[PDB]
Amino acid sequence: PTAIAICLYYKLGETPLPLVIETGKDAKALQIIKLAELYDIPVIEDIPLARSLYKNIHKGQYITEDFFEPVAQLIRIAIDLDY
């Protein structure tokens, strides 16, 4: 089996689109998820989306059109409203 983790970053006014700032497979995926717990970063399991992002959007790349709406949905779930 092969564990995958995609780390998405979006900051209004900085990133023009959501950015894959980190990825990992196997041991590095496990570590990404441990760190996500530590920093209270929302983690969503979505196996088709994870595999597709992993294949298509490399570290340091903005998401492309196929991903705009699925990633928007994750951002809406995940954003801290800060109150």
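Residue positions are given as counts along the sequence shown, with the first one as 1.
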So which stretch wins on mean C-alpha B-factor, 9-17 or 71-79? 71-79
B-factor third for the C-alpha atom of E37 within its chain: highest
Splitting the chain's C-alpha B-factors into thirds, which one does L53 fall into? middle
Using the B-factor values recorded in the entry, state whether the Cα atom of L30 falls in the lowest, middle or highest third among the modelled residues of its chain. highest
